[PDB]
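Let me begin by presenting the structure, written as structure tokens, before commenting on it.
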Amino acid sequence: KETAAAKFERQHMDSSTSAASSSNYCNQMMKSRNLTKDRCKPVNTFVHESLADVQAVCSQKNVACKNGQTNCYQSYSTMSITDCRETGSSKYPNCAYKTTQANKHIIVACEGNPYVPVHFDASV
């Protein structure tokens with residue numbers, strides 16, 4: 001099986017680009033990361049920071065997860081992210097996305113030993 005940690009890296013890390021590459025970034029990235037294989041995943045965030053910097057959020061500010069669990073953590077610093085949101089006219093399998101760049105605090109759920117990000121909860 002793909003581990004929870006690896007899955008978070010696939011779905012949410014893009015340290016290779018320092019900000020939302022082009023207007024086409026989400027369209028390419030949602031596809032290349034396999035977030036369009038079964039359905040068009042409607043929303044998804046990519047983080048443009050080192051793996052270490054994102055992993056470190058698991059020892060930063062403890063906050064309630066959206067589901068009520070207590071294992072979420074907010075970054076003390078803001079991070080470069082891109083939000084991908086499905087357009088009104090996107091129709092699977094031709095999934096279409098608006099690519100928006102921002103700098104925001106991220107909130108991740110962490111689990112395991114080592115204690116590492118396994119879900120992206122929010123950006124604030």
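In what follows, residues are counted from 1 in the order of the sequence shown.
- Counting only residues at least two apart or on different chains, the salt bridge (charged side-chain N to carboxylate O under 4.0 Å, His left out) pairs with a member in residues 33-57 are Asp14-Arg33.
- Side-chain atoms of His48 and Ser15 form no donor-acceptor pair, as typed in the model, at a separation below 3.5 Å.
- If you take NE2 on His119 and NZ on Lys7, they are separated by 7.5 Å, rounding to the nearest 0.5 Å.
- A distance of 11.0 Å separates CE in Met29 from OG in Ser22, rounded to the nearest 0.5 Å.
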* In sequence, state the C-alpha distance, the side-chain angles, and the governing distance for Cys110 and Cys72, and then conclude on disulfide bond (SG atoms under 2.5 Å apart). => CA-CA 6 Å; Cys110 305; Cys72 289; over 6 Å; no
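- For the atom pair CG of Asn62 and CD1 of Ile107, the computed distance is 11.0 Å after rounding to the nearest 0.5 Å.
- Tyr73 and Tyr115 have their aromatic ring centers within a separation under 6.0 angstrom.
- The SG atoms of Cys40 and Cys95 sit under 2.5 Å apart.
- Counting all heavy atoms, side chain and backbone alike, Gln101 lies closest to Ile81 at OE1-O, 2.8 Å.
- Contact of the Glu9 side chain with the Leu51 side chain is registered, since non-hydrogen atoms from C-beta on lie closer than 4.5 Å.
- Atom CD of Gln74 is separated from atom NZ of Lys104 by 12.0 Å, given to the nearest 0.5 angstrom.
- With ring centers used as reference points, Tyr97 lies 6.0 Å or more from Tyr25.
- With hydrogens and angles disregarded, no donor-acceptor distance shorter than 3.5 Å links the side chain of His12 to the backbone of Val47.
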